[PDB]
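Below you'll find only one chain, the form deposited without ligand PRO, shown as structure tokens.
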């Protein structure tokens, strides 16, 4: 039987990052993650500020920020704290453990220094998790494993997906959940986040397919919707965010009973 976000936050095996997330979701009645896919620091921060009350999480691609500095991230963390949301860097770590450790801690981005959550592809095998965890465990960070993809011709199906779940379950000290299209694990300590979400049917010219918040949360058993263009491209980003929040939240409430 399904526990609320609030109750899942208190589970014995729950990761502290997952717990923080689950509490603010329950408190704010939001299971929406904004995908802030913009190329300017100014717009990133304006959206984070205006939409922060509507969201549980702000997902970034800092490698697309034309004017990235660590100070932009400082400002982002202030908004995260003020409005209460987690920052998820959608880096999709996908190298060998020795390499991803450096990409996570170092370079220009210093992702580990500001990102509550990052994600990884599982294709390299568990060394990818092991490398990230050397940096992320001391910094009290969490990781999401890419179990399925939204895009057309995704190879993250069947046994690949089962491998992702196995890897998460065996690295629960650092791995807090999945990027997936549906519920992939039966353990309620794990989060499921689902991109490829819009209110209306369709896709884009480059392989992306869409499903509705009611489908993903209500029918497919996911926890959080990740929404980019469905919000960012809208004229009124605030009413768009509210629309997605209310959709995903009501879908969750009806699944719960």
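Residue numbers count along the first chain shown, from 1. Heads up, when I say rigid core I mean the largest set of C-alphas that superpose within 1.5 Å between the two forms.
Quick one: with the core lined up, is it 169 to 177 or 92 to 100 that wanders further in 5 other deposited structures of this protein, going by C-alpha RMS? Evaluated in 5 other deposited structures of this protein, the stretch farther from the shown form is 92 to 100.
Looking at the deposited entry, does 69 to 77 or 106 to 114 carry the larger mean Cα B-factor? Mean CA B-factor is higher for 69 to 77.
Taking the recorded C-alpha temperature factors, which stretch has the higher mean, 78 to 86 or 94 to 102? The deposited B-factors put 78 to 86 ahead on the C-alpha mean.
By the entry's C-alpha temperature factors, tell me which of 186, 132, 179, 175 sits highest. In this record, 186 carries the highest C-alpha B-factor of the candidates.
Just say lowest, middle or highest third for the CA B-factor of residue 219 relative to the other modelled residues in its chain. According to the entry, residue 219 has a C-alpha B-factor in the chain's highest third.
Based on the entry's values, in what third of the chain does the Cα temperature factor of residue 38 lie: lowest, middle or highest? Ranked within chain, residue 38 CA B lands in the highest tercile.
Split into thirds by Cα B-factor across the chain's modelled residues, where does residue 202 land: lowest, middle or highest? According to the entry, residue 202 has a C-alpha B-factor in the chain's highest third.
Mind checking which third residue 212 falls in for C-alpha B-factor across the chain? For residue 212, whose C-alpha B-factor we compare with every modelled residue in the chain, the answer is the middle third.
CA B-factor placement of residue 20, once the chain's modelled residues are sorted into thirds: According to the entry, residue 20 has a C-alpha B-factor in the chain's middle third.
Keep in mind the form deposited with ligand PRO bound is missing from the figure; the text below concerns it.
Site status for ligand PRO placed as in the entry with it bound, C-alpha superposition, 2.4 Å backbone or C-beta test: By the 2.4 Å criterion, blocked.
Within 4.5 Å of ligand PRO in the entry with it bound, counting heavy atoms only, one of 183 to 191, 157 to 165, 134 to 142, 69 to 77 shows up; tell me which. This holds for exactly one stretch, 134 to 142.
Answer yes if any heavy atom of residue 174 is within 4.5 Å of a heavy atom of ligand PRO in the entry with it bound; otherwise answer no. Flag for residue 174 set to yes.
Does residue 104 reach ligand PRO in the entry with it bound, with heavy atoms at most 4.5 Å apart? Because a heavy atom of residue 104 falls inside 4.5 Å of ligand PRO in the entry with it bound, the answer is yes.
Output the sequence-ordered list of residues from 35 to 67 with at least one heavy atom within 4.5 Å of ligand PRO in the entry with it bound. Not one residue comes within 4.5 Å of the partner.
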